[PDB]
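Virtual Cβ from ideal backbone geometry, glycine too; neighbours counted across all protein chains shown. Read the figures in this text as sums done on the coordinates, not as results from a lab.
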Amino acid sequence: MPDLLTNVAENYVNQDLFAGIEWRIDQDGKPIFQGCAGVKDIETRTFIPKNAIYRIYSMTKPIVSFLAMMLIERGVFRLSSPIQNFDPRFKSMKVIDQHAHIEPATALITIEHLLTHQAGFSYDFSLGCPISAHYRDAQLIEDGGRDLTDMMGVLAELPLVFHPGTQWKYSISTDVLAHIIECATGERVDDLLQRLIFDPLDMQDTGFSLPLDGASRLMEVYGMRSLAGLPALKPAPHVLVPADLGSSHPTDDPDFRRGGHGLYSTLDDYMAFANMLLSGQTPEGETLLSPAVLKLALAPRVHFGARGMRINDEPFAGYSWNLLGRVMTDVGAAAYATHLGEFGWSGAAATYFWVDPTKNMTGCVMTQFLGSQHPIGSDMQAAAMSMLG
Amino acid sequence: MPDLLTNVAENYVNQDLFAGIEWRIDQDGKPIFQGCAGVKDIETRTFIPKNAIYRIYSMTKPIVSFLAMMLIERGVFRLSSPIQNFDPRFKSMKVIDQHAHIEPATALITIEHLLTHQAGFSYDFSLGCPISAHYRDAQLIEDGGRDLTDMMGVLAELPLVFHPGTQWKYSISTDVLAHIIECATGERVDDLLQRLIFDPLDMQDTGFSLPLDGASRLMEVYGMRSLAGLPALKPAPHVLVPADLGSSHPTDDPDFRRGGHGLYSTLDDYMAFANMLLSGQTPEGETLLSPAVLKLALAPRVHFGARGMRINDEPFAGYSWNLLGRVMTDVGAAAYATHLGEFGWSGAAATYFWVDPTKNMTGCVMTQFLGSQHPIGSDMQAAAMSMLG
Amino acid sequence: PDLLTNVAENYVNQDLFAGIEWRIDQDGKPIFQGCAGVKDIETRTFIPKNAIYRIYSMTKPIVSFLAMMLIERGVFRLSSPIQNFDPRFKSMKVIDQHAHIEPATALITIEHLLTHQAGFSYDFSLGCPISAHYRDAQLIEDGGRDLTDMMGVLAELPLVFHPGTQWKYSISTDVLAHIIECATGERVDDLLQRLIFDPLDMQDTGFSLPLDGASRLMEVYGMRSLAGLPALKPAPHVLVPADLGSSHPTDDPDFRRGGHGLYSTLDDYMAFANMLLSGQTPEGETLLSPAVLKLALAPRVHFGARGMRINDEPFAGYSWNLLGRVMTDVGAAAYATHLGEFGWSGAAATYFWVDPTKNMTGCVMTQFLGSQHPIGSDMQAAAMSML
Ligand SMILES: C[C@H](C(=O)O)c1cccc(C(=O)c2ccccc2)c1
Ligand SMILES: C[C@H](C(=O)O)c1cccc(C(=O)c2ccccc2)c1
Ligand SMILES: C[C@H](C(=O)O)c1cccc(C(=O)c2ccccc2)c1
């Protein structure tokens, strides 16, 4: 019953493992626990500003996935839609394996494959993956200044690493999804996110560029995990040194937009999104997604074998995959406190959130550390679970 | 919360993909959404008439299957009854495989096998099926003027494509069921349907021939999918050209009757049948099928492997098979909005219906297009699901 | 008809190879031989007398034979763990295509090196979980790095399977050359000179050019590049001179490798191939006993349905012995051969074979990297058909 959340965060700051941390836990749509620890940057020790801004990386994916579900509801496409219907550059895909064998794909990539990371795409930083070296040579993630549409043209020429539908591998497929959304609608994904999600939820600080007053609110990002170079064979030491993002994550590029990363947000903005996922509605009662399609989106859809869900061989114990991210399907296999049906996702800079329908609960932890050797997100979830009976 | 049903239907009509569409959604036995779009025929653009008549094709199957369950309840036969007990022409069946090997069947075909499409029968238009070419040579479906009893004599001489009970393949077995009903009762299947189902439910426009005033109400049927010829290796283009049914679907043949297709019906008539499936009762409370046997009929009975339920390799994602048609058994595998336990079926001319017990809901979409490249039925179900919370 | 000349002249006439030499011996004496084309298409110089070729992986049967001689002499044995000779190869790790890394559950042995079952990879192995890290380390590209130092960099990288459990064509012959140096205290080039080249009078074979060698070196063509990533589809087969960077020096007195790097001539390599019919020099001096030669030639790795493959190219009907390929099923073979035919080939399209049933040897010398045409096998097939 003590405040384990503050204890976790203060200990991380006091041990020089994270510069600054913010968190909020809501229940029934209202804050029940919240706090902050540390500073905006350790170089000057400026205090965490009001409505501090974070690079949320793959916490972009549940947002872009939710947009796709809205467009499915509105009839733009369906889960079974072949993506080549919208961009013929994804016609005639090939599949490569670890033995240098290449053959034509025997199934078409669908919207559902993109949402479930079963399309056969890879990721630039996937260690040991048969094709990731070719992704890195193409600078798919590193070259943030390249237009989404043009990056997709380069990706489309590369082989998949399995036949669509047959395996699971966490991937660039959410970026493909953002692009296919643009093809299917004739609109830009950032404009669609603004009009259909951010504005109805009053997420005024969320987007692919900083707000006008955003520079002074941007949290510094730390860590040794590097985008420029080969995936490491052992984790870099966990040290608070400012991270060099190269040109991968611009702050003021009006055309920068992605599906798998790239949003800036705030704790308050992301909690508005997370709370919405408990119902599909805005706080006033506008429906962003009907209950039936929200249930379709949250139902466990990819189930895993004995070794479970893994990303670069890191486990997500007891989790299955739904159309928006992870979902807890076996508390008896879980590695940290949770409840059946808890869902959410996380980002490369150690941001983390969850939604727990059994407790009408949402939680989010914001920090900026790339390559963390400490699972701060899960530690904060566990603390909150222990505090909510 | 907008009227997604009207949007789906109007868009289909405005894009010249369907000539005319009617739909109705009922909840608690009363209409909650309904509409119509387009025309009876694009040649004259005559408006959709009152109580327009549709060829419902395989939406005949749930009706004939329901009749069989009524006869099981009344003791005429049982699920385990070997059909050869009623027609010895189905004694001594043979089984053929894709390697030209023929051997005697090692199990007897039962009523249950017929209801579950596990008897080993095929269908004339089954692409790649070892025996479908012999079905087509025999004109089993094409020759609508042939008496059901005589068509069955020709079918009975052909081999099955697997041993009864061992596999699932959507088939002519509902026509065998209609015939075996005639053998077991000494009555005609159309008279039994009239007396036991249509008349109690006041389905006055449903039958294997047009009503006296029916000609002016019959919707035109469109599409390129052809009965006369080999199953196509790629889908014919989706174009609104009137379809030539040959002699396969007579309008005024007093002896035409089948189990798997051939009924004419109306939106209002079919909704009466669908609403009945929520309880087994007529609106006044007469019992057509007891709750226990209705539960037996709706329980998931055939379960599918990783590739799922497929018909000509088209998927029915998340569906299992019960004694009347499809039933949703995993929302997390579903490809469009649904709820656990949703059941129903559909027909070759794109008619579609569903029953959703979790919402006390029924829905039906009526149109006439053979070989549709657009899944209008599932699109309308998804719209209705999104509108009903 | 002279099928050999017809194959070679067609290859030259279609602008697919600049110059080709071949010789086929039976009972130690030439029965077929010829040349076609030129040393270089730029100046159209004729193929010189005693023309010199980069033989690339035809280095491997020579270094493997040396290892068998050292086994016979007791320096080490097939079962020797290589970590006994270089402890940098203690505590190896294994990586897989799912980013999982774990300790190796078996020690790498001499036999593993000779059979490419040690778990090593190659820089240009397309799709291989670890080849990107080989290329980042420039293991093959950096020819000026001493063998010993290159091995230190390699030893820190994970294997791609547990030693002994799979087959993958690999840098393991370079590891073998290095372990030979550790075990003997001598350099591999000096050992090759004393034990093989001098007894066989292979005066033009070595890791550097002879003093008069520059004018005899054949030009090398092709677009397959060591620099960048392995290509997802073959580069066009066009006669453009190849850029070897610093991978294959001509006059570095310390350059030595196990898997590539020798210069040789047609005559020199035929002396080596003819020796493999007996283990003896033409004068009758024994280089390797009959018993150990049999041990070296016996089929040792057998392959599944996919068969033996290197970057997914098949070697149909071939198994692997301690020196290279060996034909074990003529009914699976894709070109004329006999049971027991053995040999190997190199990246610049050089090829040789030994056919014990016919007391026959053959070698085709050319210089083309990334060939889209199997000139070696076409010439073997032509020679087989002319018997
Ligand atoms: C998967 C990972 C995440 O969001 O978890 C992700 C997605 C997209 C981009 C990036 C990066 O920019 C990055 C930065 C430093 C090192 C490696 C990658 C990381
Ligand atoms: C399976 C299919 C259905 O009801 O789904 C069906 C059942 C019975 C008859 C027919 C046809 O007449 C037909 C018409 C045109 C092309 C192919 C078949 C079609
Ligand atoms: C496997 C291959 C062979 O001998 O078959 C080989 C072994 C060693 C070195 C090289 C190269 O230098 C090279 C040159 C151009 C392209 C790629 C590699 C090639």
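Before moving on, here are some points about what is shown:
- Contact order for the stretch B:160-289, expressed relative to its length and based on alpha carbon pairs under 8 Å spaced 6+ residues apart, stands at 32 percent.
- Distance in nm between pseudo-label sites at B:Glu187 and C:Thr357 (7 Å out along the Cβ direction from Cα): 8.0
- Amide hydrogen neighbours beyond the local backbone of A:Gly260, cut-off 5 Å, H modeled: A:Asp175
- The mean number of partner chain beta-carbon atoms within 10 angstrom of a residue's beta-carbon across peptide B:330-343 is 5.
- Here the contact order of chain B, divided by its residue count and restricted to Cα pairs under 8 Å and six or more residues apart, works out to 24 percent.
- Legend: mean number of C-beta atoms from other chains within 10 angstrom of residue C-beta atoms, peptide B:378-387, equals 4.
- Under 27 Å from B:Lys91, Cα to Cα: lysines that are on another chain or at least 8 residues apart: B:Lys61, B:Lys169
- Listed values for the stretch C:90-97 are Karplus-derived 3J(HN,Hα) couplings in whole Hz (6.51 cos²θ - 1.76 cosθ + 1.60, θ = phi - 60°), namely 6, 6, 7, 10, 10, 10, 10, 6, and x replaces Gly and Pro.
- Relative protection proxy for B:357-364, C:146-153, from highest mean packing down: B:357-364, C:146-153 (other beta-carbon atoms within 10 angstrom).
- Were the residues from B:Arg307 through B:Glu43 laid out at 0.36 nm apart, the gain over their Cα-Cα distance would be 90.9 nm.
- Computed from phi, the 3J(HN,Hα) profile of the stretch B:314-321 under the Karplus parametrisation 6.51, -1.76, 1.60 (θ = phi - 60°) reads 7, x, 10, 6, x, 9, 10, 10 Hz, with x in place of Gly and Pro.
- Amide H contacts for A:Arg326 (H built 1.01 Å from N in the peptide plane; partners 5 or more residues away or on another chain; cut-off under 5 Å): A:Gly344.
- Residues in the stretch B:361-372 carry Karplus couplings, in order, of 10, 10, x, 9, 10, 10, 7, 9, 9, 8, x, 4 Hz; the curve used is 6.51 cos²θ - 1.76 cosθ + 1.60 with θ = phi - 60°, and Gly or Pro positions show x.
- Counting Cβ atoms of other protein chains within 10 Å of each Cβ in C:99-112 and taking the mean gives 2.
- Taking 0.36 nm per residue of separation and subtracting the Cα-Cα distance, full extension of the segment from A:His374 to A:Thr282 would add 29.7 nm.
- Taking Cα centre as origin and charging only the Cβ of basic (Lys, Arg, +1) and acidic (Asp, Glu, -1) residues, the dipole magnitude of chain C rounds to 920 debye.
- When each of the peptides B:115-125, A:132-142 is scored by the mean number of other C-beta atoms lying within 10 Å of its residues, the order from highest to lowest reads B:115-125, A:132-142.
- If you take the Cα centroid of the stretch B:240-298 and the Cα centroid of the stretch A:355-383, the two points sit 54 Å apart.
- Label-point gap, in nm, between C:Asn84 and B:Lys234 - each point 7 angstrom along Cα→Cβ: 6.5
- Pairs exceeding 21 Å between alpha-carbon atoms, taken from A:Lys30/A:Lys359; A:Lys295/A:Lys359; C:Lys90/C:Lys294; B:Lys30/B:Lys295; C:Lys93/C:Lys168: C:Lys90/C:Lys294; B:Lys30/B:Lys295.
- Highest-first arrangement of C:52-60, C:276-284, A:51-59, where packing means the average Cβ count within 10 Å: C:52-60, A:51-59, C:276-284
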